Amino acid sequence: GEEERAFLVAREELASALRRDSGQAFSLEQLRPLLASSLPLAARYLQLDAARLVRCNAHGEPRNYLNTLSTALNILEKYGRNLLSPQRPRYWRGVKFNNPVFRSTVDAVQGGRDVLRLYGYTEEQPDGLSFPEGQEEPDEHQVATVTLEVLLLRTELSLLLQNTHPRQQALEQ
């Protein structure tokens, strides 16, 4: 009960900050409240389907697929911060499947494209995803919430790769 409250206050504190300054770096001190929360993993990620993203990409050795996952998350985090930047890049409205970086990093993982739809790339074509032509601009609140969980999850996988997670034997599940 009171654990959920502390979790959601820190959540909005970092998301708001990331909405002020899209390029704002966050330290492990600022993120420790979300990583160290007693809440289960399924309850600490509200937009991103973290349970699936980890399990559905455990192929080969952990040293391999955990780096493959961390990379996809790092790129996805950039997709999110780009939509929040005061000067959004041109072509921000659509991501085409044959883009080299997306193909070899994000598309290479199950659930990568689902994260783009969370950002607002909901309209699907045979060549990629794109925003609805009707929507003028990103939902700044939704983008910031998704980016934080991508940033957060990548951080959990980094701690495990360093073998220093608050509850490492937990996510071993």
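When you see a residue number, it is the position in the sequence shown, counting from 1. Rigid core: the largest C-alpha set superposing within 1.5 Å between the two forms.
Asks: Rigid core fitted first, then name the stretch among 73 to 81 and 98 to 106 whose C-alphas deviate most from the displayed form in 9 other deposited structures of this protein.
Replies: Result of the core-fitted comparison in 9 other deposited structures of this protein: 98 to 106 deviates more.
Asks: Aligning on the core, I want to see which stretch wanders more in 9 other deposited structures of this protein. Is it 111 to 119 or 36 to 44 by C-alpha RMS?
Replies: Result of the core-fitted comparison in 9 other deposited structures of this protein: 36 to 44 deviates more.
Asks: What stretch has the higher average Cα B-factor here, 34 to 42 or 140 to 148?
Replies: 34 to 42 has the higher mean C-alpha B-factor.
Asks: With respect to the recorded C-alpha B factors, which stretch has the higher mean value, 83 to 91 or 69 to 77?
Replies: It is 83 to 91.
Asks: Among the modelled residues of its chain, does the C-alpha B-factor of residue 135 lie in the lowest, middle or highest third?
Replies: Residue 135: CA B-factor falls in the highest third of its chain.
Asks: According to the PDB entry, is the CA B factor of residue 122 in the bottom, middle or top third of its chain, that is, lowest, middle or highest?
Replies: According to the entry, residue 122 has a C-alpha B-factor in the chain's middle third.
Asks: Compared with the other modelled residues in the chain, in which third is the CA B-factor of residue 115?
Replies: Tercile = lowest for this residue's CA B-factor.
Asks: Going by the entry, which third of its chain does the Cα temperature factor of residue 153 land in?
Replies: As the PDB entry reports it, the C-alpha B-factor of residue 153 lands in the lowest third of its chain.
Asks: Can you work out whether the C-alpha temperature factor of residue 105 puts it in the lowest, middle or highest third of the chain?
Replies: Residue 105: CA B-factor falls in the lowest third of its chain.
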